[PDB]
Amino acid sequence: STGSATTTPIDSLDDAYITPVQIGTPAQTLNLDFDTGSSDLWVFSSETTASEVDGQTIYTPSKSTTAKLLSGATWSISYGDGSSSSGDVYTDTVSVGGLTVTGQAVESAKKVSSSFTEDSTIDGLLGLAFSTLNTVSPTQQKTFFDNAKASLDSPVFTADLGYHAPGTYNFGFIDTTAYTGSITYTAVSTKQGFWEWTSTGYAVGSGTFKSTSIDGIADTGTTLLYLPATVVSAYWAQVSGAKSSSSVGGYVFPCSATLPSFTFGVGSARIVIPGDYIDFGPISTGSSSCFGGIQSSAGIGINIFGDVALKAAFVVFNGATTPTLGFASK
């Protein structure tokens with residue numbers, strides 16, 4: 001089997017991407033944030049505290065003939081941005097892009113934090129990291145990808161995120177029309193439950209490439225590129241008037257600037273992030289200070305190749321017995 005679904009930016013900045021997902025029978029279509037940095041499929045639901053729902057589409061298990069309570073199971077998750085959600089669990093049929101999983105754990109939110117309530121466009125998350133990070137207790141549950149894997153033509157999914165445009169998530173096949181050149185594969189450590197890999201270095205603009213190992217995760221659920229403070233300082237030093245603002249919470253730059261590209265290494269290959277991808281626009285409406293798309297990881301404890309980086313590539317998440325991660329230009 002295979003599946004193919006279009007993923008759409010939620011706003012003009014590409015702050016996140018939503019992908020329609022069919023849950024239940026008859027289908028209830030929710031727009032989920034596919035997140036390769038977490039491992040829970042959770043949704044706004046008929047159980048979510050009413051004051052915490054503001055325009056999201058909800059899953060109502062009582063209207064699904066295939067829903068079953070997963071008795072006694074609860075979940076609770078906290079993300080890197082400080083957001084959180086928790087609730088109970090149903091099993092149900094879940095389809096993405098024509099690919100169907102029966103018996104998928106669908107984590108129904110009873111509570112969500114303010115950042116989720118305030119985002120009307122995101123009806124929940126679909127985690128695509130390793131199932132060892134799933135938060136269901138007392139019986140940990142599998143991701144949609146882990147449940148689909150054995151049925152897929154190839155045990156892979158691919159992320160092809162757009163810059164200010166729709167893109168695609170495919171499951172079970174590699175669309176050889178979707179990228180240029182060849183795919184460079186690189187080793188993955190699953191020790192922390194993430195798609196963790198080591199970049200071979202970076203360049204700023206037309207500058208020389210610096211060979212240096214940068215361990216980090218491929219995380220579709222993170223907007224920005226978070227890298228070591230040395231690398232980030234080297235990038236923003238090339239932008240007149242850029243500075244790190246403790247008041248804003250990261251590097252800002254004049255909105256009049258033209259940003260340089262940023263290149264990262266994948267083995268001997270190179271992925272170039274155009275400068276325009278690094279502009280996240282005014283810090284507040286009408287400001288002439290703009291927020292940078294490359295930020296320090298120093299306060300995180302991990303480097304994160306988020307959407308800024310991933311949308312410059314065609315990315316293969318290879319879930320074979322020995323997982324690997326492939327990158328191609330596009």
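Listed values, structure above:
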{"item": "Convex hull (Cα only) mean projected area of the range 74-136, reported in nm² to one decimal", "result": "4.9 nm²"}
{"item": "Alpha carbon centroid spacing (whole Å) that separates the range 277-330 from the range 187-206", "result": "12 Å"}
{"item": "Residues 54, 279, sorted so that the one with the fewest Cβ neighbours within 10 Å comes first", "result": "54, 279"}
{"item": "Volume of the Cα convex hull of the chain, divided per residue and given in Å³", "result": "129 Å³"}
{"item": "Fraction in percent of alpha-carbon pairs per bin - 10 Å, the range 173-266", "result": "13, 36, 36, 14, 1"}
{"item": "Relative contact order (percent, whole number), the chain, Cα cutoff 8 Å, 6+ residue spacing", "result": "19 percent"}
{"item": "Cα-derived Rg over Rh, computed across the range 5-174 with Rh taken as Kirkwood radius", "result": "0.93"}
{"item": "Relative contact order of the range 5-174, pairs being alpha-carbon contacts under 8 Å that are 6 or more residues apart, as %", "result": "28 percent"}
{"item": "Residue 303 long-range amide H proximity, modeled H, under 5 Å", "result": "217"}
{"item": "Pairwise centroid distance, computed over Cα atoms, of the range 1-60 with the range 127-168, Å", "result": "14 Å"}
{"item": "Which of 325, 133, 125 has the fewest Cβ neighbours within 10 Å, and the rest in rising order", "result": "133, 325, 125"}
{"item": "Using a Förster distance of 35 Å, the FRET efficiency for residue 276-residue 154 (Cβ separation, nearest 0.05)", "result": "0.55"}
{"item": "Over the range 175-330, relative contact order from alpha-carbon pairs under 8 Å, at least 6 apart, %", "result": "32 percent"}
{"item": "Exposure proxy order (Cβ contacts within 10 Å, fewest to most) of 197, 42", "result": "197, 42"}
{"item": "Hypothetical label at residue 191: residues of the range 105-138 whose amide nitrogen lies under 20 Å (7 Å Cα-Cβ projection)", "result": "129-134"}
{"item": "Residue 289/residue 132 FRET efficiency (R0 41 Å; Cβ-Cβ; nearest 0.05)", "result": "0.50"}
{"item": "Calculated FRET efficiency for the pair residue 233/residue 11, C-beta based, R₀ 30 Å, to 0.05", "result": "0.55"}
{"item": "Simple spin-label estimate for residue 27 and residue 243 in nanometres, 7 Å along Cα-Cβ", "result": "5.3 nm"}
{"item": "Extension reserve of the residue 206-residue 4 stretch, reckoned as 0.36 nm per residue once the Cα distance is removed", "result": "69.1 nm"}
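Computed from the coordinates by the stated procedures, all read-outs in this text should not be read as laboratory data. We place every Cβ from the backbone using ideal geometry, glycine too, and count neighbours over all the protein chains shown.
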